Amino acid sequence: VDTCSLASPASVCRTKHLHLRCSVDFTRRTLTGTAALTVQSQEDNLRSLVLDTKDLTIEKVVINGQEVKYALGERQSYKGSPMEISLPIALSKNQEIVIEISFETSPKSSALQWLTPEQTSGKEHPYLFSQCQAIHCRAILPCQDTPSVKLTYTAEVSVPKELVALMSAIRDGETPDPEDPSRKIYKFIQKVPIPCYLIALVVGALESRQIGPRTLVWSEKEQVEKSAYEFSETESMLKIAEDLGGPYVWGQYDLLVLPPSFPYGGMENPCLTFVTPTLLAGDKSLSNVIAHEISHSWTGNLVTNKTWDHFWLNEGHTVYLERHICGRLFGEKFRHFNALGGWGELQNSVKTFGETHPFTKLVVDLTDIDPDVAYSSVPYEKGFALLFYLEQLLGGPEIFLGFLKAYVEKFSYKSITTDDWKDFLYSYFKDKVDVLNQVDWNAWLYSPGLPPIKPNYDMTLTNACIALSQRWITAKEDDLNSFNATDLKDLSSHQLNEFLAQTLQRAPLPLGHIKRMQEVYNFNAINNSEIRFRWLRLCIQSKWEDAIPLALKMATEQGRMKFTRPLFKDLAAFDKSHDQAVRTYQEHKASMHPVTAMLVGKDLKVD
């Protein structure tokens, strides 16, 4: 049972295909069109079915060429409104019909962000992008908005002729719109069954450059060159990922660099990964996000969580594959460094919610919980830590990678639960069941807080970060003179980030220590978004007023939640910047991503 969806479950009827025909109206901020769903009955004598909708205007429902009766239920908060449709003829089990729905989206759709010319790089054209994960596909079209249903799709998108439409699918052509010469129709085909949260659309003044034999990087003209260099390791990562997970079934692996308000680091949309421009560090240092997005082509896209309570299956396995890719490219000592950093990030997540909080559980109960509110580092890191613990318990990376490949093969094109994963783990490791019976499963899967066991980590690359961090924490006024730019000479960008994360865990530090850290290390000059973020957090939490304009700027110039949310919270918790944070939020709210605006408002407790 999927508690986040109001649609008929997979045991009643299953959507097999979507044929989407729509037009993007920028003056009205609406998507208008038809969604023809091929639905297969799973029951005898089926006479009605329910679909998920969220702020959609329904014009009509057509079956067999005639209008049918439908009814829209009362809105159920973040879940939206149920749409019950009365079928004209009762269906037998396995019978397939085509239901065509005429719909229109709301300009306030929580799936979309409509950007004015001023909000883009070019300044001449508007832009539109979607983000359906977890449950925002219902805010675009009527569907069974659950990952337990996998469908194929085709689409025809009418857009102003000067603009380009792209989807999480293979490009199948473009023609002038016959009903309007100022418009262009873009055609798309997704022939691999996908859960509907993987449906994605972007409309804008987009340009592309080839960077690999199966990869184009897409972005506005101004970011093309930087993005092509930033993501040049894409193909080498795909090759490694194919070696670990088996064949790449999606044909194309394109990348799209979104405008700065993109709410996440990346989004694993089939054929076209969406990424934040905050990755454009200039040295490929933030490429682990591409490795994560690539890994999802197996773990998440092929093997999917049946419900949002099992989201850790998608994330945990993706982080595990991500760290193997980076370990193949940069060495095992580097995989351990990233694994160790991940544990640190889990420690922070558990502290923020509290060690008893239900969102610190690996397997959650999302009954009456908005998935956007539950979202955190927990499924990623507690999920990673479990797998890394099993890897060490079961005989190392080579043995565990064998399980992972077999896991993807066993569950490809299917939606699964934790019990399914656990059952196959025991089946796969039958000769090591006694070892598996030592795992405290109830604590690992169902308990809040830090895991009952911490894996073993190589410390080589972490040691210098720890030593530097401890020098700064234990320093007194008379020790500040000993610090010099030479302290950093042998530290990588990654190690510098880890020095800051280590220091930030013991924040606040005395104001004089932070003024000195700027004087000798000039952290204000670093443009790398991960470093800059942690450095500004450390300045604000340590009460440095000079950092207020800098943190406010970073929180509003980009909108990646990982950065925007803790910056606003830090600025709101600092007395000197509290009122500024509140006013800035209020002034930017209307031009923010709807989900970001929602969550920041909750974190700030603003009306």
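One-based numbering along the sequence shown.
Enquirer: Taking the recorded C-alpha temperature factors, which stretch has the higher mean, 350-358 or 417-425?
Expert: Between 350-358 and 417-425, it is 350-358.
Enquirer: Identify the stretch, either 170-178 or 370-378, whose C-alpha atoms have the larger mean B-factor according to the entry.
Expert: Averaging CA B-factors over each stretch, the winner is 170-178.
Enquirer: By the entry's C-alpha temperature factors, tell me which of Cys326, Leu390, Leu279, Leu198 sits highest.
Expert: That would be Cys326, according to the entry.
Enquirer: Out of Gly395, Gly212, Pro147, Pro508, which shows the largest CA B-factor listed in the entry?
Expert: In this record, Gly395 carries the highest C-alpha B-factor of the candidates.
Enquirer: Would you check the entry's CA temperature factor for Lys576 and let me know if it's in the chain's lowest, middle or highest third?
Expert: Highest third - that is where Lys576 ends up once the chain's C-alpha B-factors are sorted.
Enquirer: In terms of the chain's CA B-factor thirds, is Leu567 lowest, middle or highest?
Expert: Bottom third by C-alpha B-factor.
Enquirer: Would the CA B-factor of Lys284 place it in the lowest, middle or highest third of its chain?
Expert: Bottom third by C-alpha B-factor.
Enquirer: Can you tell me which third, lowest, middle or highest, the CA B-factor of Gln190 falls into for its chain?
Expert: According to the entry, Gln190 has a C-alpha B-factor in the chain's lowest third.
Enquirer: If you rank every modelled residue in this chain by C-alpha B factor, which third holds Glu293: lowest, middle or highest?
Expert: Its C-alpha B-factor belongs to the lowest third of this chain's values.
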